Amino acid sequence: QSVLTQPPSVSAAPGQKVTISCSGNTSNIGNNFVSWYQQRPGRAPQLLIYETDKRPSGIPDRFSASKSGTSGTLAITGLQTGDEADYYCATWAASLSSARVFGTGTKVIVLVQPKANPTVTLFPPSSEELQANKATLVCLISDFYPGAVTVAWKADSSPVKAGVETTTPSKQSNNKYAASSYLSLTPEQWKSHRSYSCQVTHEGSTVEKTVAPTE
Amino acid sequence: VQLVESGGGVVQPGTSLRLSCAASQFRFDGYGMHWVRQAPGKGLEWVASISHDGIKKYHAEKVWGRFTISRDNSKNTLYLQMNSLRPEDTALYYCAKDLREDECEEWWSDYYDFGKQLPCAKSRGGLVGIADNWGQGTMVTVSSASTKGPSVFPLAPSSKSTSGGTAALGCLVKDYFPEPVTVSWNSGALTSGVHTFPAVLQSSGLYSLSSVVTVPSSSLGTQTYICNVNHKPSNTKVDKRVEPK
Ligand SMILES: *[C@@H]1O[C@H](CO)[C@@H](O[C@@H]2O[C@H](CO)[C@@H](O[C@@H]3O[C@H](CO)[C@@H](O)[C@H](O)[C@@H]3O)[C@H](O)[C@H]2NC(C)=O)[C@H](O)[C@H]1NC(C)=O
């Protein structure tokens with residue numbers, strides 16, 4: 001139940017270069033070969049790199065990879081729109097379960113539109129839902145480009161891990177992106193804090209909305 | 001190379017299910033095989049691996065004692081036996097071929113008819129943990145749910161959903177199964193400023209989505225706003241009034 005940490009997204013203009021890091025531990029990357037997989041939207045993964053820096057026959061020399069210590073790095077040059085996909089690193093060894101792991105995954109975006117900043121709207125639990133002994137906070141995120149966000153939730157000023165469900169960004173009719181995040185609480189958790197916040201990070205800028213039980 | 005998974009479906013927690021994967025166009029009994037899963041919208045995760053001959057088996061910590069990989073080399077088939085299923089086992093399950101062949105290193109031939117190779121005398125190659133070919137996967141949804149139309153809750157406009165000028169209001173379409181639902185406002189008469197978001201599959205194995213609409217805050221006292229929710233799988237159509245505060 002360990003993981004190889006990857007950045008959630010990287011992006012570049014067409015023709016440019018991106019790198020994707022893969023940070024692990026002595027037990028996995030430190031002692032083992034690294035492999036890389038490409039997964040295009042709605043498709044099965046495909047092998048990209050094996051034995052740390054080797055390409056299968058169909059893979060162009062625009063893809064290259066390496067490792068140093070406990071970290072691996074994939075590089076993509078001459079980036080083209082067809083390289084948009086999720087990329088996963090991995091290790092696998094027979095010795096120990098902890099050497100059999102995939103990375104958290106990195107979405108590669110090829111920038112073909114201007115940046116667009118998200119509109120964020122946060123709703124508290126309705127009285128009707130609370131009367132049914134449940135509570136859902138709803139954070140809606142729209143009109144952003146590129147199509148990747150991370151969402152964090154806070155109770156007062158403490159981070160909230162449990163109860164969060166967040167969708168993958170989906171293209172809107174105007175070719176910008178939308179997503180949503182839901183925090184499921186008990187009525188007690190909702191009413192026992194001074195506030196809750198949804199924090200949306202897009203291209204390294206974080207914007208935040210807050211709601212409170214006492215309106 | 002071709003891999004075709006089968007056996008997936010919707011199943012209740014605590015039950016058992018066996019997935020299968022049929023191999024074609026390569027020498028199945030010369031390669032190790034893997035199962036890998038992907039929960040919806042999440043990352044890849046190793047589940048199980050097995051040597052070309054079915055002797056050596058490896059399983060991920062999250063499934064120890066519950067899932068068992070096996071294979072039948074007389075049928076080009078790989079199996080995953082899944083017992084005591086849990087909601088967090090919901091995922092697309094991929095079958096994948098391992099790269100390294102149990103490659104023959106010495107073989108004799110029919111002396112006159114030497115296009116005919118005789119049973120391999122010596123070979124080597126075991127699992128290397130490189131998945132060079134993948135199937136399209138089979139979906140496993142673990143949930144207690146039967147066909148169920150949604151509950152709808154209003155997302156009321158407030159001073160905290162107003163910037164201006166404009167107010168945002170919506171409806172939360174909660175706990176339905178299966179997809180899809182469609183949403184409109186004021187029976188289709190309100191379309192400007194409407195956005196309906198894709199659903200999330202909750203750990204309870206039911207879906208939820210939201211629809212939000214931006215309107216003049218001056219109108220909140222004069223204009224009625226009603227969200228119309230259709231769920232064809234259950235033949236239900238519900239209308240929910242959304243009003244301040
Ligand atoms: C890389 O892996 C190693 C082990 O494979 C990790 O080092 C160990 O991390 C564990 C935490 O999971 C530590 O165990 C804890 O130790 C504390 C202090 O004694 C104790 O209070 C807890 O009950 C728990 O047992 C362990 O001390 C630590 N060190 C060693 C030598 O095992 C390491 O965190 C991993 N990550 C890296 C290195 O980035």
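Below, each value reflects all heavy atoms present in this structure, side chains not excepted, and no hydrogens, waters or symmetry copies. Lettering follows sequence order; numbering is per chain, from 1. Every number for a ligand or one of its atoms is a count from 1 in the order of the listing.
Atom 2 (O) of ligand 1 lies below 4.0 Å from at least one non-hydrogen atom of the protein. At a distance under 4.0 Å, no protein heavy atom can be found next to atom 10 (C) of ligand 1. Within the 4.0 Å cut-off (strictly below), no protein heavy atom is located near atom 5 (O) of ligand 1.
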Residues A:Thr206, A:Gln199; criterion side-chain hydrogen bond (donor to acceptor under 3.5 Å, both in side chains); working and verdict: CA-CA 6 Å; A:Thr206 297; A:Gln199 297 182 321; over 6 Å; no

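Two rings, from B:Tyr58 and B:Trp46, have their centers 6.0 Å or more apart.
Paired with A:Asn28 under the rule side chain to side chain contact (heavy atoms under 4.5 Å, CB included), one option of A:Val34, A:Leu4, A:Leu96 passes, and it is A:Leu4.
The pair B:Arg100-B:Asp98 does not meet the salt-bridge criterion, since no charged nitrogen lies less than 4.0 angstrom from a carboxylate oxygen.
The single protein non-hydrogen atom nearest to atom 33 (C) of ligand 1 is A:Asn25 ND2, 3.8 Å, given as residue, atom name and distance.
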